[PDB]
């Protein structure tokens, strides 16, 4: 049977308003819809497709593991998860890992661990979580309660207790809510969804000192910011501040559902048998693919190529903006970039984005005031230039 966009509004729980067109296939940073229209993809499946669409090596790893076995569940380990655990361990501060299937799942694990850890070493009452206004951490009750966007949490109250929000990049705000009762401080190194806003180096370093003083675990939510996105493997390396726990997802599987929690030995020791779990996490399908992703992403060449591409993007966006007077700022790190709208245009991020799509380029928002770019890490100069060309046309169309 034949499928059309109107089918989405009769069949799907109305949680999203997706685009009027329906993608059917893609290669690298180009995607095509059911009528053959071609888009340059700067959405990057919301910062996931780090190698672009239908990558041939990802496919080959996919179809090679798929012809062995896909899944047993965690009664049994497998070679792919173990290899991926090693890669991740060797490449980061981590001594151990847990695999799950989403960014939120990864965050659930991390907040669960810090909680058990605090209880087990200090007592039932050291249960506080500090997070940040505008943070986004997931849509599970706990993660969305840790998130600092109350419009996402209010309807599903009572919310789990002992969660407080401080102002991002505001060290005294944080200091005031962090004490001996705090078990965890969870933070994104760049707030993604809340408008591509990068932590300051003194802010992050400041939470690290606060966590030490109060015996609280510091947790980096790198589901958006990780696996190459900033030009280092993880943004913590860019800042030079090391967390107790790090969560990772999205790009980890370059399009396959996977997530993981990276922990130190000491922290890991806290989670004994049967204290957490997941049916699908650690499957060898996900693991063969993530493994090949890390193998391709975590190379001096690919990562420097991200620093290179950051400059191509910002430079052309600054030139677009000079011509059209749209934004007050282009900010971010690596290939997570925000264009902040000016006073004239504020709250119109989505309309620009819809224009973009009309002009054959896919971009994201990040709040109604930021247009956001999260392209593949291996976008070609040609793809960037022609996508920015069409962005430029959309900006013309929009500004009149």
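Numbering follows the first chain given and starts at 1.
Participant: Would you tell me which stretch averages the higher CA B-factor in the PDB entry, 275 to 283 or 150 to 158?
Facilitator: For C-alpha atoms only, the mean B-factor is higher in 150 to 158.
Participant: Can you let me know which of the two, 125 to 133 or 174 to 182, has the higher average C-alpha B-factor in the entry?
Facilitator: Looking at the record's C-alpha B-factors, the answer is 174 to 182.
Participant: Which is it among 244, 222, 95, 295: the one with the largest CA B-factor in the entry?
Facilitator: Max CA B-factor in the entry, restricted to 244, 222, 95, 295: 95.
Participant: Out of 209, 79, 188, 105, whose C-alpha atom has the biggest B factor in the entry?
Facilitator: Reading the PDB entry, the winner on C-alpha B-factor is 209.
Participant: Looking at the temperature factor on the CA atom of residue 22, which third of the chain's modelled residues does it land in?
Facilitator: Ranked within chain, residue 22 CA B lands in the lowest tercile.
Participant: For residue 324, does the deposited CA B-factor place it in the lowest, middle or highest third of the chain?
Facilitator: Highest third.
Participant: Taking the chain's C-alpha temperature factors as the reference, tell me which third residue 313 falls into: lowest, middle or highest.
Facilitator: Ranked within chain, residue 313 CA B lands in the highest tercile.
Participant: Taking the C-alpha B-factors as the PDB entry records them, is residue 67 in the lowest, middle or highest third of its chain?
Facilitator: Answer is middle: the recorded C-alpha B-factor places it there.
Participant: Lowest, middle or highest third: where is residue 28 by Cα B-factor in its chain?
Facilitator: Middle third.
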